[PDB]
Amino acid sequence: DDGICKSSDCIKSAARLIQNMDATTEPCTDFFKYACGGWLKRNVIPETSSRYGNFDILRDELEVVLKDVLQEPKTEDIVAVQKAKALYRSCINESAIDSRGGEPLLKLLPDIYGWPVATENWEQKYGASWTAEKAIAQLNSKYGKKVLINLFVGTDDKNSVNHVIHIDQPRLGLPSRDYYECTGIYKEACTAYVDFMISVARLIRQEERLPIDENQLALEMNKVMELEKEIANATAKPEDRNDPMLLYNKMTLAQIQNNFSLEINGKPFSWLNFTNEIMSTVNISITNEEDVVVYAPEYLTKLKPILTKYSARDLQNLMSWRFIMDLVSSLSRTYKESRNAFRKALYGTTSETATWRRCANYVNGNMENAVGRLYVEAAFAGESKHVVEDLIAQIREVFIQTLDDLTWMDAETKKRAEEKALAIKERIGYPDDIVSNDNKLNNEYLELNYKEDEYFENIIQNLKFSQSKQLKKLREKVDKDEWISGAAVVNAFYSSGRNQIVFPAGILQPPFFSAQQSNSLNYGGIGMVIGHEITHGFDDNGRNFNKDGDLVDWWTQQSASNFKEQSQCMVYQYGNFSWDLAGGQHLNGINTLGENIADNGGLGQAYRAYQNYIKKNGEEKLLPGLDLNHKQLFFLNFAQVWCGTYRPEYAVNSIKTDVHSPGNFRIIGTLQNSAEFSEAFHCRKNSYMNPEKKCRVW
């Protein structure tokens, strides 16, 4: 007995670890290169990917399973499954889609008050009866597209069992407000955006047999850009939306009318009319004392002088465009190709992913429980669920025990933190009844009826369905049994309004987890993920919500002040990271703070749980071909979760839009703060990976 594990499962783990690492790099100088340098040398980002790495590879591999389970009818399939497969088949039939051209979009445009640039005599046909209230509400209520003013039904932050109407600033056509500077690194994207507008307007006019005036098209679409630039500059930055206590402003609709008046197309904007135009689609009446949560009061105030300068036509040119730009990829090849330069500018990709991949993901996104059922029956093992349950119990207890060691909280706040940690609701794998209750699964989709030659009608039906569902919830209680993710997902989640952590079946696989892989690897993989999600209940957002999901302050003044002091260290740390792929720009340490807190706390929680495991059960057998002990393998597996790279165009995008740090800096930043990492690899003091100053929250 040489002490070495020689099982097939140890062999597969060892081979993967060996192939990804670059042992010629000193781990204490750059652990990203040490852990991932072999992967980087062997791989090139595919033409269809904006990012590539071990996470993206797992998602690509999950898509293969979805293809296998969606593409073949089975006699015993229940109606829910038949519908998912029919939807899939409608999506992959490009011949049927191509033969329809843009006709499905042409049929639809009268229902959204047209697109003026592709309409003759727009003012007479649609301007005559146009109102901002009706035009915005139509896009919202029927198609789920929120333009200018984002009104939605969501959970009440301060009463987690109830729903309430929210009003917020809208999303933009470009990835973030920064893009609307339209200079330097943003210039290509802005140019491509307007060219994309022009190209689609041109295609529609061609198919409608209208004359093309290239100068007129450019005049109108550049006016769309000038309008959206003003909208973008009026929106609040993410850094100014990160305190949920300050974001929550509840007031009546009468208050909203008194305090946020708008004059659009020369008409006073009626908030009550706007709200009822939306809620009437689900037979719900609204009066002026309805409570509303306004997340963006400053934005509405800034919108007043903006919208007085624009006509109904100018607004509808932007409003319909924001919907159309989403639809062209559901039309014929000619319409699909109009997006090529825009896609390359935002993502760097030169080709769309395989049709069957896009379609598998589309069906999974819209029928998550039907596809989840098919996925787990094909790919998810039995006892896995129970093993992960036990790992969650260990890490939950480690979090609670660590509270005693934390010197920056008083006893009262620690007790409240333990209360919340004990109340976190765990969801593992999949909801049992997507497999065991056919009636319930069929009835979830009963109102959907797909036609296999009508992909466009199918996706439009799905837009209407999911928006009707959302709006109808206004007077209903929150369903505590609902899962915040489908099972066929390679991710994990935390919900502060439900105080719920979820680990879908899709993430319960190597490198994160296998009942047959070494425990060092499981703790460094899924163990860290579990701690990450629990720690989200206590990050700069989650800490503001109590055990029942309510936005209520349970912190003493001193402990809250200390939380900000401790977390400020990480704001500065990650904000000092320069990203070469993003042109040398610095990460946003405020926007990534929550995820960085979760990374740093979660890895430590997982490590301490692994130490307790060894205390109780003894050391594991070593892996063959690796001169690394199991403490070292714990950190190596953590790091290899994040092996990957980015296209420069997408790095410019993600550094502004991603609330996570890039994988390489999740590795460097977290391990820089870990004394245990530097103990395991015997890093000299003030080596790059072992700075004397270390940040710590949880």
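Think of the rigid core as the biggest set of C-alphas that the two forms share within 1.5 Å after superposition. Numbering starts at 1 and follows the sequence shown.
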query	finding
Greater Cα displacement in 6 other deposited structures of this protein once the core is superposed, comparing 608-616 with 376-384	376-384
Greatest C-alpha divergence in 6 other deposited structures of this protein once each structure is fitted on the rigid core, 487-495 or 124-132	124-132
Of 374-382 and 441-449, the stretch whose C-alpha atoms average the higher B-factor in the entry	374-382
Mean C-alpha B-factor comparison - 365-373 and 294-302, higher one	294-302
Identity of residue with top Cα B-factor, from 519, 509, 495, 617	617
Given 193, 563, 310, 356, the residue at which the Cα B factor reaches its maximum	310
Residue 621 - which third its CA temperature factor falls in, relative to the rest of the chain	highest
Where the record places residue 95 (Cα B-factor, split into thirds across the chain)	middle
Chain-relative CA temperature factor third for residue 199	middle
Relative C-alpha B-factor of residue 687, binned into the chain's lowest, middle or highest third	highest
Assigned third (lowest, middle, highest) for the C-alpha B factor of residue 648	middle
